[PDB]
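Undergrad:
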Amino acid sequence: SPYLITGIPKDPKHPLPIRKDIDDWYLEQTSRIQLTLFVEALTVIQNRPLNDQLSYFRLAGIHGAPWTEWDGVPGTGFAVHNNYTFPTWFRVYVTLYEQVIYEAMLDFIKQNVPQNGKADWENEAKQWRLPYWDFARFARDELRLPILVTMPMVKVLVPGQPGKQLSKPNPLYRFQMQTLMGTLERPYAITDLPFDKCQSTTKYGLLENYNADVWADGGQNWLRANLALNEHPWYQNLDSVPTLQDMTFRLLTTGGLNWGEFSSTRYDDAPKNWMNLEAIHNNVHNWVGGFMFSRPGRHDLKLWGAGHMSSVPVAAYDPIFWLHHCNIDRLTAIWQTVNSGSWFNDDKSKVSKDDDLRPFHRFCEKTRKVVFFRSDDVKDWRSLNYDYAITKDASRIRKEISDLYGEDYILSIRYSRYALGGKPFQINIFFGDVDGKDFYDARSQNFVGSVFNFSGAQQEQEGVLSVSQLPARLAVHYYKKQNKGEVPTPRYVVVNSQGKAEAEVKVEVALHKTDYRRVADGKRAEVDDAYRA
Amino acid sequence: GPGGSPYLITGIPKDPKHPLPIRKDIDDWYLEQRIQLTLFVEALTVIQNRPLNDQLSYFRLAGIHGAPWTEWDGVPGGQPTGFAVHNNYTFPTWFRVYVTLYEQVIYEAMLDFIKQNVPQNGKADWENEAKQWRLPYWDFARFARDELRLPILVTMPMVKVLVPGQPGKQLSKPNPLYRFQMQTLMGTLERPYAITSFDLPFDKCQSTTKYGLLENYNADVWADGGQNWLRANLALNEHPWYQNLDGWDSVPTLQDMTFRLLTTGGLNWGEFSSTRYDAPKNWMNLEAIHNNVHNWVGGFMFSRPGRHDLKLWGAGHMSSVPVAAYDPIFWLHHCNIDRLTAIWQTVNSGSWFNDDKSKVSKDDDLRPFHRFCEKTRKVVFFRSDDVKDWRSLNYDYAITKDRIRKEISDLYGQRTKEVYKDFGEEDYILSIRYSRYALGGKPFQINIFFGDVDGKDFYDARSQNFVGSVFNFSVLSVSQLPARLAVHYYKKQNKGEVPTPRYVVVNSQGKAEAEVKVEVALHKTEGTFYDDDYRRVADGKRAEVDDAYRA
Ligand SMILES: [O-][O-]
Ligand SMILES: [Cu+2]
Ligand SMILES: [Cu+2]
Ligand SMILES: [Cu+2]
Ligand SMILES: [Cu+2]
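So the sequence lines, in the order shown, correspond to chains A and B.
Start counting the first sequence at 162; every next residue gets the next number (my numbering).
Start counting the second sequence at 231; every next residue gets the next number (my numbering).
#1: List, in chain order, every chain A residue whose beta-carbon is nearer than 9 Å to that of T268 of chain B.
#2: Which residues, in chain order, does the segment 308-326 of chain A contribute to contact with chain B at a C-beta distance below 7 Å?
#3: Which whole-angstrom value describes the C-beta separation of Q710 of chain B and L660 of chain B, a residue pair presumed to lie in contact below a C-beta threshold of 8 Å?
#4: Nearer than 8 Å: is that true of the beta carbon of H547 of chain B relative to any heavy atom of ligand 5?
#5: Which residues in the same chain have their Cβ closer than 6 Å to the Cβ of residue 197 of chain B, if we skip the five residues on either side of it in sequence?
#6: What does the alpha-carbon distance come out to for the pair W496 of chain A and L177 of chain A?
#7: In whole angstroms, what separates the C-alpha of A226 of chain A from that of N443 of chain A?
#8: Taking C-alpha atoms, which residue in B:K587, B:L380, B:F703 and B:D687 lies nearest to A742 of chain B?
#9: Could you tell me the distance, in whole angstroms, from the CA atom of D593 of chain B to the CA atom of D284 of chain B?
#10: Under 9 Å between beta-carbons, which chain A residues line up against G456 of chain B? List them in chain order, please.
#11: Give the interface partners of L388 of chain A over in chain B, defined as CB-CB distance under 9 Å, in chain order.
#12: Is any beta-carbon of chain B found at less than 9 Å from that of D302 of chain A?
#13: Mind listing the chain B neighbours of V402 of chain A? Cutoff is C-beta to C-beta under 9 Å, in chain order.
#14: If we call anything under 9 Å between Cβ atoms a contact, is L333 of chain A one with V315 of chain A?
#15: With C-beta atoms as the reference, is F591 of chain A less than 9 Å away from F608 of chain A?
#16: Compute the Euclidean distance between the alpha carbons of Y566 of chain A and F532 of chain B, then round it to the nearest angstrom.
#17: Among all the DSSP beta bridges, which residues are the ones paired with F489 of chain B?
#18: For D232 of chain A, collect the residues of the same chain with a Cβ closer than 7 Å to its Cβ; drop the 5 residues on either side in sequence, then sort them by chain order.
#19: Is there a Cβ from chain B that is less than 9 Å from the Cβ of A377 of chain A?
#20: Just to check, is the beta-carbon of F199 of chain A closer than 8 Å to a non-hydrogen atom of ligand 1?
#21: Just to confirm, are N370 of chain A and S503 of chain A a CB contact at a threshold of 9 Å?
#22: Check whether the Cβ atoms of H547 of chain B and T414 of chain B lie closer than 9 Å to each other.
#23: Pick out whichever of B:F370, B:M340 and B:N512 has its Cα sitting closest to the Cα of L464 of chain B.
#24: Whole beta strand (DSSP E) runs in the segment 662-688 of chain B with 3 or more residues, listed along the chain?
#25: So does the segment 347-367 of chain A actually touch the segment 250-264 of chain B, counting three or more Cβ pairs closer than 8 Å?
#26: State whether the segment 745-754 of chain B contacts the segment 662-670 of chain B, with contact taken as three or more CB pairs (one from each stretch) at a distance under 8 Å.
#27: Just checking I489 of chain A against ligand 3 - is the residue's beta carbon closer than 8 Å to any of the ligand's heavy atoms?
#28: Determine the DSSP secondary structure at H600 of chain B, reduced to helix, strand or coil.
#29: Write down every uninterrupted run of the beta strand (DSSP E) in the segment 653-686 of chain A whose length is 3 residues or greater and which is fully enclosed by it, in chain order.
#30: If I follow the unbroken alpha helix (DSSP H) through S402 of chain B, where does it start and stop?
#31: Could you give the distance in angstroms between the alpha-carbon of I256 of chain B and the alpha-carbon of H563 of chain B?
#32: Under 9 Å between C-beta atoms, does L444 of chain B make it to chain A?
#33: Would you decide whether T571 of chain B is buried or exposed? Buried here means 16 or more other CB atoms lie within 10 Å of its CB.
#34: Would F321 of chain B pass as a contact of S437 of chain B if the rule is Cβ separation under 9 Å?
#35: Is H393 of chain A closer than 9 Å to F613 of chain A when the C-beta atoms are compared?
#36: Using only the alpha-carbon positions, how far apart do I567 of chain B and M340 of chain B sit?
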């Protein structure tokens with residue numbers, strides 16, 4: 162310490178290497194030196210001890226729990242949420258992860274590759290960059306978690322044993338410790354959802370009413386995550402379009418937003434410009450991990466279940482976290498490319514531009530001193546010696562955006578992250594009557610879409626709230642069709658981690674129509690008595 | 231076998247300090263735990279990690295049942311058919327011996343683990359636990375501690391064990407009951423053991439899976455498709471569709487079937503022991519219930535036509551005769567099938583290969599299982615009479631130690647009685663007769679409906695008007711389904727009319743097979759079954775489905 166974050170060092174045989182789509186990269190590798198390097202290096206990092214600040218646990222620990230120091234910066238986590246430095250704090254955080262993995266790759270080569278092959282393996286390490294998960298791209302008819310994340314094991318090369326491939330536990334599948342995270346040595350223990358009783362990260366694996374020993378490793382219910390990722394209005398199960406892809410398309414193609422509007426859910430005391438990067442990212446966290454531990458009533462089919470990615474304090478432990486944030490960085494770079502003058506340039510985000518991005522250090526070549534990273538340091542992501550295919554070929558970026566992700570009606574949503582004292586919740590919006598026992602997801606009658614509060618005696622910063630936006634065109638057309646042309650009143654339910662409706666929460670929900678005009682104000686829907694909080 | 235001599239199956243040898251130890255319910259056994267848990271985990275881990283040339287490896291022991299159809303213990307294989315008996319009256323007795331073999335191998339591995347690992351101070355106490363341990367059973371028909379479930383242990387990827395010589399120290403280790411994993415894809419094992427019979431990509435699996443094989447995912451996902459135990463639980467709790475409507479109480483069909491099986495009097499051995507068919511009231515048999523559980527644990531449909539966000543299909547080893555024995559739950563399932571056989575024997579004491587059909591098979595050699603014949607001084611194969619009394623293999627069940635009819639009702643009959651008592655004193659059953667070879671040996675599922683069938687959704691309890699299923703796990707074959715509650719519901723919606731049973735034969739692609747013959751009928755008696763003259767009241771008919779869903 163300090164650990165200087167630089168990105169992977171420049172090598173002239175490797176001009177601005179790209180971060181590839183992880184599904185494309187996995188298929189290239191198997192259709193495997195880089196795959197071996199990534200698997201082996203990430204395994205080594207996951208097995209480093211807690212007192213090593215470049216262990217996987219400690220790197221994930223920068224984000225949230227267990228809220229310790231990192232790199233000599235005293236330990237809420239370090240992560241930036243609901244502020245305009247969300248994209249840039251995470252830009253540096255993803256680069257730290259990438260850089261540590263690359264360093265571990267070089268160590269792996271020194272340890273395991275014979276002298277005669279070191280140049281070949283080093284070539285591959287120097288070309289590798291952290292792949293991104295394209296959560297909004299149809300997987301090589303539907304959106305999906307990465308192929309590699311759904312694989313318990315992965316086959317790798319053994320250097321010096323040509324045609325000596327071997328199957329190993331996949332470090333992208335889960336992060337597993339040797340004991341329950343609640344029992345780790347001080348001060349690293351993780352001690353709402355029983356994350357203290359988990360040894361491994363899980364997706365939808367934590368459900369009430371099963372033995373607590375099941376929670377030690379609740380499994381990776383990637384089929385369930387995929388279903389959530391493809392959320393869309395209920396009626397489309399009677400032509401569907403996944404809302405996540407439409408939201409991403411709109412984020413990338415809508416012109417005229419300032420940085421403050423694009424960068425964050427933060428609303429400091431319009432609606433057309435409330436589709437923002439952070440809100441989409443919050444929904445993806447919910448969809449990957451699950452946040453509901455139980456459901457009232459009797460149900461044969463159990464669609465709930467909770468996991469690490471839905472929860473701010475522990476989401477960073479799931480290896481997909483980094484791949485998600487890699488794409489969030491990619492989306493930022495794309496938006497920057499097509500909105501090149503909009504950088505901390507509005508009267509709301511300007512104040513935050515010079516925030517130190519603690520705990521991340523760099524060397525100042527002007528002061529000749531170690532300082533914290535600041536947003537302007539990473540405005541050009543290529544300064545960190547990586548790029549994306551889509552931003553290298555800028556000339557045709559609009560066409561590529563259309564090929565990947567392509568009156569109007571929109572829903573606006575304004576809410577307090579601390580409406581429940583800081584606990585997470587999901588805002589579900591419906592057109593028409595709400596089923597008092599089924600108000601949760603796309604299988605719930607009349608469901609149109611959700612907004613997840615990715616948060617987790619406590620109140621928000623004075624004057625600050627949070628915003629999101631949902632597409633509503635197709636769902637309003639269906640509703641009119643079934644309802645004699647009535648413009649629907651949006652109905653909402655605020656759902657907590659017990660699958661109950663929090664009657665006392667008020668959210669501002671409105672429907673707007675195209676220049677957008679407000680055409681209906683939303684109202685809370687009642688649910689059954691056994692389903693009320 | 232090992233050494234180059236036959237492997238003699240004895241069951242765990244008798245020790246006078248250990249009189250007829252019981253096979254416990256695996257959830258109860260787990261919940262009270264922890265030396266026996268440690269011994270079972272460490273021994274089974276060693277057995278699973280044994281090399282393919284070792285005939286007491288997990289792979290080769292599973293290999294006896296089906297694929298890859300090799301020899302075992304000097305007995306030629308390559309019959310493709312395995313050594314297992316299916317659709318014949320020796321089904322319960324062949325499996326009785328098979329389960330005992332597994333149990334004996336585990337016990338012997340426990341003794342070796344103690345010899346290599348346990349300090350002098352603890353050896354006699356660990357030896358005493360090995361001698362008291364017997365293979366637990368999975369009670370698939372008992373409510374878990376409102377619903378049927380896979381065992382707790384089967385759903386845990388890791389398990390904490392003791393470390394001998396390190397007091398109070400425990401280590402979390404991969405749970406050998408969660409899955410069986412090899413070091414490579416089973417399709418590329420060293421000859422002759424490759425798994426390569428079947429249409430699902432089992433050749434592309436390195437590990438066993440529950441509901442994890444689906445079309446349209448990268449083939450490397452199939453190497454280990456995972457354990458979707460929540461989905462398997464859902465399947466295990468199959469019941470008529472109408473019971474998920476508000477204002478109606480549900481009963482798990484599996485529990486109703488098992489209570490019927492155990493309580494119905496007057497079956498001969500041939501009716502009880504097998505699906506084999508060469509009065510429909512007597513067609514509820516052990517093998518048919520076992521077949522449905524195989525399906526519900528593993529999943530058999532790889533695909534479904536059309537577009538579906540919620541994907542309720544998926545295939546896994548337990549549904550597939552050639553590879554089912556590789557899933558560790560297989561043995562726990564078959565341990566309960568042995569227990570159900572012992573219960574039924576206890577309450578049907580004269581009914582042992584007692585009919586003209588089964589008498590023919592009573593003397594069949596149960597290959598490949600050897601034992602030493604003390605009266606002729608020869609190593610011979612097991613025969614059914616050798617295992618008529620399961621206690622001769624030095625194990626027992628708590629339920630067979632005495633009161634049995636009351637235990638059967640307490641365990642399997644309370645929910646059925648509670649809901650049936652709400653309706654009139656009548657019973658309805660469905661009879662189902664099919665040919666196991668109707669699809670060339672390919673497996674298939676027979677779903678029955680009362681009322682109109684949704685031509686895009688004819689699959690499971692979520693399918694409109696679904697009544698129940700019969701699974702062809704694989705002379706004719708028969709099964710029976712409870713129908714009393716579904717008939718009541720249909721009558722209330724149809725001004726008293728008796729429903730025509732409608733059936734669909736579904737293949738592994740989720741498509742309807744139109745040339746698979748199934749004989750379905752609905753039968754009625756006055757009086758409730760648990761308190762006898764059944765008459766046919768309706769003939770079945772094949773349901774049509776949407777054109778895109780037709781095979
Ligand atoms: O019968 O497996
Ligand atoms: Cu975060
Ligand atoms: Cu995040
Ligand atoms: Cu079998
Ligand atoms: Cu079986």
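Beta carbons are placed, not taken as given, at the ideal position from N, Cα and C, and that holds for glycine.
TA: So, from the listed chains and residues:
#1: The residue labelled residue 268 of chain B in the question sits at position 38 within the second sequence. Here the premise fails: no neighbours, minimum Cβ distance about 15 Å.
#2: Within the segment 308-326 of chain A, the qualifying residues are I308, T311, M312, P313 and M314.
#3: Residue numbering aside, residue 710 of chain B sits at position 480 when the second sequence is read from its first letter. Residue numbering aside, residue 660 of chain B sits at position 430 when the second sequence is read from its first letter. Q710 of chain B to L660 of chain B, Cβ: 7 Å. Contact.
#4: The residue you call residue 547 of chain B lines up with position 317 of the second sequence. Shortest gap from the CB of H547 of chain B to any heavy atom of ligand 5: 8 Å or more.
#5: A query on residue 197 of chain B cannot be resolved here, the shown segment of chain B reaching from 231 to 781 and no further.
#6: The count along the first sequence starts at 1 and reaches residue 496 of chain A at position 335. The count along the first sequence starts at 1 and reaches residue 177 of chain A at position 16. CA-CA distance, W496 of chain A to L177 of chain A, rounds to 19 Å.
#7: Residue mapping note: residue 226 of chain A aligns to position 65 of the first sequence, counting from 1. Residue mapping note: residue 443 of chain A aligns to position 282 of the first sequence, counting from 1. Each residue's alpha carbon lies about 18 Å from the other.
#8: Position 512 of the second sequence, counted from the start, is the residue given in the question as residue 742 of chain B. Ranked by Cα distance from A742 of chain B, the options B:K587, B:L380, B:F703 and B:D687 are led by B:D687.
#9: Reading the second sequence from its first residue, position 363 is the one you call residue 593 of chain B. Reading the second sequence from its first residue, position 54 is the one you call residue 284 of chain B. Per the coordinates, the alpha-carbon of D593 of chain B lies some 30 Å from the alpha-carbon of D284 of chain B.
#10: Along the second sequence, read from residue 1 onward, the residue named residue 456 of chain B stands at position 226. What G456 of chain B touches in chain A: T311, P313, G380, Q381, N382, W383 and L384.
#11: Translated into positions along the first sequence, residue 388 of chain A becomes position 227. The answer, in chain order, is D539, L540 and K541.
#12: As a working mapping, residue 302 of chain A is identified with position 141 in the first sequence. So yes, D302 of chain A belongs to the interface.
#13: The residue you call residue 402 of chain A lines up with position 241 of the first sequence. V402 of chain A does not reach chain B, its nearest Cβ partner there being about 12 Å away, counting only Cβ pairs nearer than 9 Å.
#14: As a first step, residue 333 of chain A must be located in the first sequence, where it is residue number 172. As a first step, residue 315 of chain A must be located in the first sequence, where it is residue number 154. Cβ atoms of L333 of chain A and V315 of chain A: closer than 9 Å.
#15: Position 430 of the first sequence, counted from the start, is the residue given in the question as residue 591 of chain A. Position 447 of the first sequence, counted from the start, is the residue given in the question as residue 608 of chain A. Going by beta carbons, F591 of chain A and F608 of chain A fall inside the 9 Å limit.
#16: The residue you call residue 566 of chain A lines up with position 405 of the first sequence. The residue you call residue 532 of chain B lines up with position 302 of the second sequence. Straight-line Cα distance between these residues: approximately 29 Å.
#17: One-based indexing of the second sequence puts residue 489 of chain B at position 259. By DSSP's assignment, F489 of chain B forms no beta bridge with any residue.
#18: Indexing the first sequence from 1 puts residue 232 of chain A at position 71. Within the same chain, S162, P163, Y164, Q214, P520 and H522 come within 7 Å of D232 of chain A by CB-CB distance, once the 5 residues on both sides are set aside.
#19: Residue numbering aside, residue 377 of chain A sits at position 216 when the first sequence is read from its first letter. Chain B, which has a Cβ nearer than 9 Å to the Cβ of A377 of chain A, makes this yes.
#20: Residue 199 of chain A sits at position 38 when you count from the first residue of the first sequence. Answer for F199 of chain A: no, Cβ out of range of ligand 1.
#21: Indexing the first sequence from 1 puts residue 370 of chain A at position 209. Indexing the first sequence from 1 puts residue 503 of chain A at position 342. The answer is no: Cβ separation not under 9 Å.
#22: By 1-based counting over the second sequence, the position of residue 547 of chain B is 317. By 1-based counting over the second sequence, the position of residue 414 of chain B is 184. Here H547 of chain B is not near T414 of chain B, since their CB atoms are 9 Å or more apart.
#23: Within the second sequence, numbered from 1, the residue matching residue 464 of chain B stands at position 234. The residue with the shortest Cα to Cα distance from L464 of chain B is B:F370.
#24: Look at the segment 662-688 of chain B and you find these whole runs of beta strand (DSSP E), each 3 residues long or longer: 674-680.
#25: The segment 347-367 of chain A, when compared against the segment 250-264 of chain B, does not touch it at the 8 Å Cβ threshold.
#26: Flag = yes, the segment 745-754 of chain B and the segment 662-670 of chain B touch.
#27: Taking the first residue of the first sequence as position 1, residue 489 of chain A is located at position 328. Indeed, a heavy atom of ligand 3 lies less than 8 Å from the Cβ.
#28: In the second sequence, the residue the question calls residue 600 of chain B occupies position 370. In the structure shown, the three-state DSSP call for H600 of chain B is strand.
#29: As far as the segment 653-686 of chain A is concerned, its whole beta strand (DSSP E) runs of at least 3 residues are 669-674 and 678-682.
#30: Within the second sequence, the letter at position 172 stands for residue 402 of chain B. Counting along the chain, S402 of chain B falls outside any alpha helix (DSSP H), though it belongs to the beta strand (DSSP E) covering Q400 to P404.
#31: As a first step, residue 256 of chain B is located in the second sequence; it is residue number 26 there, counting from the start. As a first step, residue 563 of chain B is located in the second sequence; it is residue number 333 there, counting from the start. When rounded, the separation of the alpha-carbon atoms in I256 of chain B and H563 of chain B is 11 Å.
#32: In the second sequence, counting from the first residue as 1, residue 444 of chain B sits at position 214. Output row for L444 of chain B: interface = yes.
#33: Within the second sequence, the letter at position 341 stands for residue 571 of chain B. It is buried - the Cβ of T571 of chain B has at least 16 other Cβ atoms within 10 Å.
#34: For the purposes of this step, residue 321 of chain B is identified with residue 91 of the second sequence, where counting begins at 1. For the purposes of this step, residue 437 of chain B is identified with residue 207 of the second sequence, where counting begins at 1. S437 of chain B is positioned such that its CB atom lies no closer than 9 Å to that of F321 of chain B.
#35: What you label residue 613 of chain A is simply residue 452 of the first sequence in a count that begins at 1. What you label residue 393 of chain A is simply residue 232 of the first sequence in a count that begins at 1. Not closer than 9 Å, so no.
#36: Residue mapping note: residue 567 of chain B aligns to position 337 of the second sequence, counting from 1. Residue mapping note: residue 340 of chain B aligns to position 110 of the second sequence, counting from 1. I567 of chain B and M340 of chain B: Cα-Cα distance of roughly 24 Å.
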